[PDB]
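First up is the structure itself, then whatever we jot down about it.
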2 protein chains.
Amino acid sequence: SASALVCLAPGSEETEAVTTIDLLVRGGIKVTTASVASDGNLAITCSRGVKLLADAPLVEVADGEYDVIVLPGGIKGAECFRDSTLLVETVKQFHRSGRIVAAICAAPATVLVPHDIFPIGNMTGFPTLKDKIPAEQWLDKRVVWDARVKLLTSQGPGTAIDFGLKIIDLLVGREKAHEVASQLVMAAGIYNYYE
Amino acid sequence: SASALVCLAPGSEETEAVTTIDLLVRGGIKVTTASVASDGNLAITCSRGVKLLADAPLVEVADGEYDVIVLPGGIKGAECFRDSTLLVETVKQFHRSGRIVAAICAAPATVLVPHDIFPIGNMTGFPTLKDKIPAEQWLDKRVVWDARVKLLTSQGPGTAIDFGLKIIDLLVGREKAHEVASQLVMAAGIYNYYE
C-alpha cells in the first residue's frame, strides 16, 4: 500500500534510479516512474546511455497519492529537474503535505538548494559538489535522514543501496528493510537493519 | 579500444545489468546491449518491472568483435538465456575463441552448468543456488576470476559493482578500475584496486 514516485530526466544517473526502483519493489512499495522535461515523451536516455521507458509524464501523475518522491542524480538530469517549474512545485507540495522527499548525488545541490526548498534541514550529496550545499547544512555521510523536514539524501552511485534501504525502513519498517538487505549480498560496511 | 556485449532478456535483474553497463562506460569500454527475447523485441521488462531498451537483437550482433560477453542474472532472464540456442552457441564461441565469459547471480547455475560449458573452472553465483554448482567448482567469494578458462562470475545485485570493476581491470587495467571506483562513493568491503 506504500507508493513511490521516481522521477527521470534526460541524463539521470541510471544506476541510482534503477537500484532504487528495484529495492523499493522488493520491499513491497508500488513504484511509478515519471518522465520530466521531455514534453510527454516516455523514452529517457540516461547519463551513460542506458535507455529506460517511463510509465507516464510527470504532469499526468504529479497529483497522485505517493508517500515519497525520489530525485535521482546525474548532473544533466538534475539540471533538467531544477529548470522544470512543475518538478519544483511538485517537490514543494510533497513537503508541505507531510510526505518524504528523497534525493541523491547531484540532486540536493542542483535542485533543492537553488530553490530554497529546505532552508534548515541537514543534507548530503555527491562529495565534489559539497561546496554548493550551505556549510551549516552539509554532512559527509553515506545517507542522511532529517526527520524534522522529512528529507532523505545520499551521496552517489555507490550509496544507492543504502538510500533505497532507508526508504524501505521509513515507509514499511525495519523488518522489511532487513529482509530486502538479506537478498542482495551486500558489501561489508553497509547497514543491513538487523539491529 | 575494448568492447562488451551485455545480454538482456525478459526477467533479467535490472540492477545487475544497469550497474554493469554504467561502470563499463565509465571505464571507456564500448557497450552493446543485445536482446535475447525469442521474438527479437528490444523493449525488455526486467525482473522488478523496469523497462530497458536494448540496442539490437542478438542475431544481428552475435558475431561482433567483443572482448567479453556479460550474462546478468534474474532467474527468469537466466532461464531465457539457457533455452536460447543462439545465446548458448555464442557463449561457447566466445570461450573457444579465447575471450571472456562473465556471468552473475542466477546465470552460472542456470546457463553454464546445464550446458557443461565449463567442466573445469572455479565459479560462484547466487548463494541460494549454491547446490546447483558442482561442489568441486564452488567458491563463496563476491567475485571469482578463473584465468585458466577466462570465466568471471559474481554473486548478486549487491556485488554488481565488484563485478563491473573486475571487467574493467581485465579489459583496460588496474589503473582505470581504480579511477572508476574512486568516482562511486563505494562501501568499504569492495576492493578498490589501490595498493
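Here's how to read the names in the C-alpha cells: chain A, B, ... by the order shown, residue numbers from 1 in each chain, ligand numbers from 1 in the order shown.
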Who sits within 10 Å of region 107-116 of chain A, only C-alpha atoms, same chain under 2 positions skipped, as a PyMOL selection string: chain A and resi 12+70-84+87-89+91-92+102-105+118-120+123-126+129-134+152-155
Next, the residues of the selection above should be written as a tab-separated table (two decimals), in the first residue's frame with C-alpha atoms.
chain	number	residue	atom	x	y	z
A	12	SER	CA	19.61	10.94	-14.98
A	70	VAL	CA	12.61	10.32	-5.45
A	71	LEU	CA	15.06	12.52	-7.35
A	72	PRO	CA	18.00	10.58	-8.84
A	73	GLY	CA	21.26	12.31	-9.57
A	74	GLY	CA	23.37	12.75	-12.64
A	75	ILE	CA	24.42	16.32	-13.41
A	76	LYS	CA	22.45	16.79	-16.61
A	77	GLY	CA	19.33	15.11	-15.24
A	78	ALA	CA	19.37	17.21	-12.09
A	79	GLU	CA	19.72	20.38	-14.18
A	80	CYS	CA	16.55	19.36	-16.05
A	81	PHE	CA	14.80	18.90	-12.68
A	82	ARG	CA	15.98	22.31	-11.46
A	83	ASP	CA	14.68	24.06	-14.57
A	84	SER	CA	11.26	22.35	-14.56
A	87	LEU	CA	9.04	19.36	-10.83
A	88	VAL	CA	9.98	22.07	-8.33
A	89	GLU	CA	6.36	22.80	-7.40
A	91	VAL	CA	8.59	18.69	-4.61
A	92	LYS	CA	7.31	21.65	-2.61
A	102	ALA	CA	14.42	11.70	-1.27
A	103	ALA	CA	17.34	12.98	-3.36
A	104	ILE	CA	20.76	11.57	-4.23
A	105	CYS	CA	24.09	12.62	-5.72
A	118	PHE	CA	14.82	23.17	2.68
A	119	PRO	CA	16.46	26.21	4.27
A	120	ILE	CA	17.05	24.40	7.60
A	123	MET	CA	21.66	17.11	3.83
A	124	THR	CA	24.41	15.36	1.93
A	125	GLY	CA	25.15	14.86	-1.73
A	126	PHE	CA	27.91	13.99	-4.13
A	129	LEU	CA	29.60	19.33	-5.04
A	130	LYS	CA	29.90	19.82	-1.27
A	131	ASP	CA	30.65	23.49	-1.67
A	132	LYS	CA	27.23	24.00	-3.29
A	133	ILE	CA	25.46	22.96	-0.07
A	134	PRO	CA	25.42	25.61	2.67
A	152	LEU	CA	16.40	11.86	2.84
A	153	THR	CA	19.64	12.44	0.97
A	154	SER	CA	22.54	10.28	-0.15
A	155	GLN	CA	25.82	10.67	-2.00
Backbone DSSP call of strand (DSSP E) for region 111-195 of chain A, listed as an MDAnalysis selection string: chainID A and resid 143:146 151:154
Those residues you just picked out, can you put them in a file as a PDB file, in the first residue's frame with N, CA and C atoms?
ATOM      1  N   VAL A 143      24.264   8.223   3.909  1.00  0.00           N
ATOM      2  CA  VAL A 143      22.848   8.586   3.842  1.00  0.00           C
ATOM      3  C   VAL A 143      22.567   9.494   5.030  1.00  0.00           C
ATOM      4  N   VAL A 144      21.705  10.492   4.808  1.00  0.00           N
ATOM      5  CA  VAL A 144      21.314  11.455   5.844  1.00  0.00           C
ATOM      6  C   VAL A 144      19.788  11.499   5.865  1.00  0.00           C
ATOM      7  N   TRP A 145      19.207  11.256   7.022  1.00  0.00           N
ATOM      8  CA  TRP A 145      17.772  11.394   7.235  1.00  0.00           C
ATOM      9  C   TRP A 145      17.529  12.512   8.235  1.00  0.00           C
ATOM     10  N   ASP A 146      16.782  13.539   7.824  1.00  0.00           N
ATOM     11  CA  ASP A 146      16.393  14.611   8.729  1.00  0.00           C
ATOM     12  C   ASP A 146      14.884  14.500   8.929  1.00  0.00           C
ATOM     13  N   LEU A 151      13.396  14.833   4.946  1.00  0.00           N
ATOM     14  CA  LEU A 151      14.342  14.896   3.832  1.00  0.00           C
ATOM     15  C   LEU A 151      15.350  13.774   3.962  1.00  0.00           C
ATOM     16  N   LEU A 152      15.430  12.934   2.924  1.00  0.00           N
ATOM     17  CA  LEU A 152      16.404  11.861   2.845  1.00  0.00           C
ATOM     18  C   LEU A 152      17.368  12.163   1.704  1.00  0.00           C
ATOM     19  N   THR A 153      18.658  12.211   2.005  1.00  0.00           N
ATOM     20  CA  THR A 153      19.644  12.442   0.967  1.00  0.00           C
ATOM     21  C   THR A 153      20.756  11.402   1.041  1.00  0.00           C
ATOM     22  N   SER A 154      21.461  11.253  -0.071  1.00  0.00           N
ATOM     23  CA  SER A 154      22.543  10.283  -0.153  1.00  0.00           C
ATOM     24  C   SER A 154      23.519  10.736  -1.241  1.00  0.00           C
TER      25      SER A 154
END
Interface residues on chain B facing chain A, 6 Å, only C-alpha atoms, written as number ranges by chain: B: 15, 18-19, 22, 48, 51-53, 156-158, 184-189
DSSP-assigned alpha helix (DSSP H) among region 7-120 of chain A, expressed as number ranges by chain: A: 14-26, 58-61, 75-82, 85-96, 107
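Counting from CA of residue 180 (chain A), the distance to CA of residue 34 (chain A) is 24.2 Å.
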Atomic separation - CA of residue 106 (chain B) relative to CA of residue 147 (chain B), Å: 21.1 Å
Who sits within 8 Å of residue 100 (chain B), only C-alpha atoms, same chain under 3 positions skipped, as number ranges by chain: B: 67-69, 94-95, 150-152
Convert the current residue selection to file output with N, CA and C atoms, as a short mmCIF file (atom, residue, chain, number, x, y, z; two decimals), in the first residue's frame.
data_model
loop_
_atom_site.label_atom_id
_atom_site.label_comp_id
_atom_site.auth_asym_id
_atom_site.auth_seq_id
_atom_site.Cartn_x
_atom_site.Cartn_y
_atom_site.Cartn_z
N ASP B 67 35.12 -8.22 -26.62
CA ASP B 67 36.12 -8.84 -25.77
C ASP B 67 35.52 -9.68 -24.65
N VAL B 68 34.28 -9.40 -24.28
CA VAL B 68 33.61 -10.07 -23.17
C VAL B 68 32.14 -10.14 -23.49
N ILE B 69 31.51 -11.25 -23.09
CA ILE B 69 30.06 -11.39 -23.13
C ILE B 69 29.57 -11.44 -21.69
N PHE B 94 32.55 -17.50 -27.75
CA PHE B 94 33.40 -16.58 -27.01
C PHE B 94 34.47 -17.34 -26.26
N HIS B 95 34.10 -18.42 -25.60
CA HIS B 95 35.09 -19.18 -24.84
C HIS B 95 36.11 -19.84 -25.75
N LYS B 150 39.13 -18.28 -18.43
CA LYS B 150 38.65 -16.92 -18.68
C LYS B 150 37.16 -16.81 -18.35
N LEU B 151 36.84 -17.21 -17.13
CA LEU B 151 35.49 -17.17 -16.60
C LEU B 151 35.45 -16.26 -15.38
N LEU B 152 34.58 -15.24 -15.43
CA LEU B 152 34.37 -14.28 -14.36
C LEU B 152 32.94 -14.48 -13.85
#
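Relative to CA of residue 194 (chain B), CA of residue 138 (chain A) is found at 28.3 Å.
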Exercise: residue 2 (chain B) partners within 8 Å, only C-alpha atoms, chain neighbours under 6 positions left out, as a list in words: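 Listed by chain and then number, they are residues 28, 29, 30, 66, 67, 171 and 172 of chain B.
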Just-selected residues, N, CA and C atoms written as a PDB file, in the first residue's frame:
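Resulting contents of part_24.pdb:
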ATOM      1  N   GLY B  28      35.513   3.448 -20.177  1.00  0.00           N
ATOM      2  CA  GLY B  28      35.934   3.654 -21.572  1.00  0.00           C
ATOM      3  C   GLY B  28      35.687   2.465 -22.473  1.00  0.00           C
ATOM      4  N   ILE B  29      34.892   1.532 -22.026  1.00  0.00           N
ATOM      5  CA  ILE B  29      34.574   0.338 -22.773  1.00  0.00           C
ATOM      6  C   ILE B  29      33.296   0.582 -23.572  1.00  0.00           C
ATOM      7  N   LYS B  30      33.307   0.200 -24.839  1.00  0.00           N
ATOM      8  CA  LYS B  30      32.108   0.319 -25.665  1.00  0.00           C
ATOM      9  C   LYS B  30      31.162  -0.817 -25.358  1.00  0.00           C
ATOM     10  N   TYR B  66      33.674  -8.377 -29.891  1.00  0.00           N
ATOM     11  CA  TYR B  66      33.549  -8.026 -28.475  1.00  0.00           C
ATOM     12  C   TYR B  66      34.508  -8.854 -27.636  1.00  0.00           C
ATOM     13  N   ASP B  67      35.125  -8.217 -26.621  1.00  0.00           N
ATOM     14  CA  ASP B  67      36.116  -8.844 -25.767  1.00  0.00           C
ATOM     15  C   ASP B  67      35.518  -9.676 -24.649  1.00  0.00           C
ATOM     16  N   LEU B 171      39.959  -5.811 -18.956  1.00  0.00           N
ATOM     17  CA  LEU B 171      39.942  -5.269 -20.315  1.00  0.00           C
ATOM     18  C   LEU B 171      40.828  -4.045 -20.488  1.00  0.00           C
ATOM     19  N   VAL B 172      40.959  -3.215 -19.444  1.00  0.00           N
ATOM     20  CA  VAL B 172      41.643  -1.932 -19.572  1.00  0.00           C
ATOM     21  C   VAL B 172      42.774  -1.810 -18.561  1.00  0.00           C
TER      22      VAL B 172
END
Using only C-alpha atoms: which of A:122, A:97, A:35, A:85 has the shortest distance to residue 8 (chain A): A:35
